[PDB]
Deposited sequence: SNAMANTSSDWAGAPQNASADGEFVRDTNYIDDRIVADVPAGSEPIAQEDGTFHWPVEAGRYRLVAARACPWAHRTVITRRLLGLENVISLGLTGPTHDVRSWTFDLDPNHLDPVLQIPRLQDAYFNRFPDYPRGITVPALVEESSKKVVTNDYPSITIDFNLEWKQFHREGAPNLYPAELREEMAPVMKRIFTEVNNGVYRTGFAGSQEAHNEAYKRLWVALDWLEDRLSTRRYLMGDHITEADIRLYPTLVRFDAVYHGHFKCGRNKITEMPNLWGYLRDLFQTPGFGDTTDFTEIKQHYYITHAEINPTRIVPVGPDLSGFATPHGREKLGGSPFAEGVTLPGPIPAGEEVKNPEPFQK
């Protein structure tokens, strides 16, 4: 049930979905019609939640929290009145939040997907997707030793590439946060907590990779990122649910997460999370706050 309709600016409010030549349908951007159905534990869903918060779409698209499915399919945009699933194509969801929903953004919202960077961004995001975002899952769910070995090697070639890329750039695409960072963060923020041990990805902890760790902290401490990250629900989901990997269903007490709140040192690379004049997200809506905050959240 892969559904790749799109919600777009050039279909007008109130319209039925409009058939496209490619067999899909295009639905209209409008307030109060659609719900984002997400899960705290799921990294793919996490992208959509972060983007919704950063752009100030919280008051125009509602939020439902459920359980993960990729590890109805989540994340999804759902038409509230009919419960039809409009789309579960998570890459187009965040691109469309940025480009199609512009007139509903908070005034002063960041430009997370700027025209001049889109071309160079495409291969960077593809490499991150196959070798890192999916790379952890291929390592963790490997069905043989040989499959583990290869997946692990691929993951670490890519993490070493990222560590080097981020030695001279504050964020993946330079001075400011972009869509690329929103696609990388959900993997990195779950790494020491889950993927390191549960998925056997641990050559090193992210805490031992200086550029990635500085970058991870810098993002975590930015609105939209840490305040949508529930470490308890992340760890409970993986360690309890994946009984074929962890039959005892015990959740480790560790790692110590207190480092996420420490000074990151990334200001030495210049830049800033957002361009000058960008406004910050308003207070997180009642009911959408992290239910299991760490003492530093």
Taking the deposited sequence from residue 1, the uncovered stretches are 1 to 28, 100 to 135, 362
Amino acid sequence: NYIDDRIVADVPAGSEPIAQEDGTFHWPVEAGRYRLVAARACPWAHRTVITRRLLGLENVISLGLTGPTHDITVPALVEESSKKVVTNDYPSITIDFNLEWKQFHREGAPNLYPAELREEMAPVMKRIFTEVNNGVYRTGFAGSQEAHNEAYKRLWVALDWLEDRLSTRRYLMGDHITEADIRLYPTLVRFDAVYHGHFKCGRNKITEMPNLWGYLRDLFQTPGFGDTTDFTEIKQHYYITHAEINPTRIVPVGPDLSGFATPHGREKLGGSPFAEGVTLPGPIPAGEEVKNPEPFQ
From here on, numbers count along this sequence of modelled residues.
Out of 72 to 80 and 102 to 110, which one has CA B-factors that are higher on average in the deposited record? 72 to 80
Using the B-factors recorded in the PDB entry, average over the C-alpha atoms of 138 to 146 and of 125 to 133, then report which stretch comes out higher. 138 to 146
Please place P186 in the lowest, middle or highest third of its chain according to the CA B-factor in the PDB entry. lowest
Thinking about Cα B factors across the chain, which third does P263 belong to? highest
Based on the deposited C-alpha B factors for this chain, I'd like to know if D22 is in the lowest, middle or highest third. middle
Against its chain's modelled residues, does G214's Cα B factor rank lowest, middle or highest third? lowest
Of the three thirds of Cα B-factor ranks in this chain, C201 occupies the lowest
